[PDB]
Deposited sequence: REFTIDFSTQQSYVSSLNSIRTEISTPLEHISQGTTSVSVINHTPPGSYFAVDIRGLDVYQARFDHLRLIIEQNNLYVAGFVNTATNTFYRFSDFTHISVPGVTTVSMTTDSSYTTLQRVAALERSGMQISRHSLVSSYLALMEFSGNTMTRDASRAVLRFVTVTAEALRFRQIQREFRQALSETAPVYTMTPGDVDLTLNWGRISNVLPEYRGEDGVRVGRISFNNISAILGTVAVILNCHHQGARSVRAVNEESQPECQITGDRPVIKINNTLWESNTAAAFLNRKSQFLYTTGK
């Protein structure tokens, strides 16, 4: 399956993301308004992927058009990237189960984790700047890249592209904040600690939201949603939980009309008597 993400305008970008979402996911019954929902990724076999052709880095121009991302469908993880000019698929070490036909596959030593990528890139995601200019630079880095081991500049490129594709697909918050960078004024998107926290809690959010039945709030670790517009303004696509489970078997507890991830509640309700704790050194 092949999709285009067109970075030409905010309209083309959002339209691109919405088109992908509609094809690969189904809206939750209880978190959906019009055609804007939290949707659950449709079940697909492991190894299933979709391709994303990157377009419009130079607004409305058939330039910079040789980059394709390979995205594992079940989890929206970026498995690697294709240089369509050289017909080469550079695949992360943790995605040897993703097979792309008709390309030369280069199996990389580098894994796809943010821990690894931030290290190689010498770039932290919290405070990371993304602009149209830096996406063009990212594109050029990936097109120049060769070999089985990620370089600093290739890793910086992947960090930027994963954020504005896969993470934006998952989170309407990131879609909304980043898209401003595509406007004529060409401002810089700066990834916030809150943006980063969302991406780190996607699995946990995915386990909880299907249980939502109009509660006055949702609490998942460090993440809080106070109403339905907060949910919809933040989250677009979740894992199919029917990395959803960390431990235990209870997705949620309703406490004072707020839906809590049970694990979060458990993690502050496991303290003994304070006097006994502090004196027992």
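Any chance you could give me the deposited-sequence numbering of all the stretches lacking C-alphas?
According to the deposited record, C-alpha coordinates are absent only for 243-258, which is the whole missing part.
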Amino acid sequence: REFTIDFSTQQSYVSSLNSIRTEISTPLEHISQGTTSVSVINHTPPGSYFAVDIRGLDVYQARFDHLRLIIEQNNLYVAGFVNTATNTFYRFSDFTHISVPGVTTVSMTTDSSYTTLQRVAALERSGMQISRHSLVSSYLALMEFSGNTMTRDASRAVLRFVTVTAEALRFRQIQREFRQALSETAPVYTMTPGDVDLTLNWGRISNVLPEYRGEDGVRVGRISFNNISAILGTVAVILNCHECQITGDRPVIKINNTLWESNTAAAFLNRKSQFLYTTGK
From here on, numbers count along this sequence of modelled residues.
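On average, are the C-alpha B-factors higher in 114-122 or in 97-105?
It is 97-105.
When the Cα temperature factors in the entry are averaged, is it 72-80 or 165-173 that ends up higher?
Higher mean C-alpha B-factor in the PDB entry: 72-80.
From 220, 241, 235, 31, which pick has the Cα B-factor that tops the rest in the entry?
Across 220, 241, 235, 31, the entry lists the biggest C-alpha B-factor for 241.
Using the B-factor values recorded in the entry, state whether the Cα atom of residue 204 falls in the lowest, middle or highest third among the modelled residues of its chain.
It belongs to the lowest third of the chain when residues are ordered by C-alpha B-factor.
Using only modelled residues of the chain, where does the Cα B factor of residue 231 rank: lowest third, middle third or highest third?
Ranked within chain, residue 231 CA B lands in the lowest tercile.
By the record's CA B-factor, is residue 143 among the lowest, middle or highest third of residues in the chain?
For residue 143, whose C-alpha B-factor we compare with every modelled residue in the chain, the answer is the highest third.
Test of reading the entry: by CA B factor among the chain's modelled residues, which third contains residue 40?
Its C-alpha B-factor belongs to the lowest third of this chain's values.
Pull the Cα B-factor of residue 196 out of the PDB entry and bin it into the chain's lowest, middle or highest third.
Answer is middle: the recorded C-alpha B-factor places it there.
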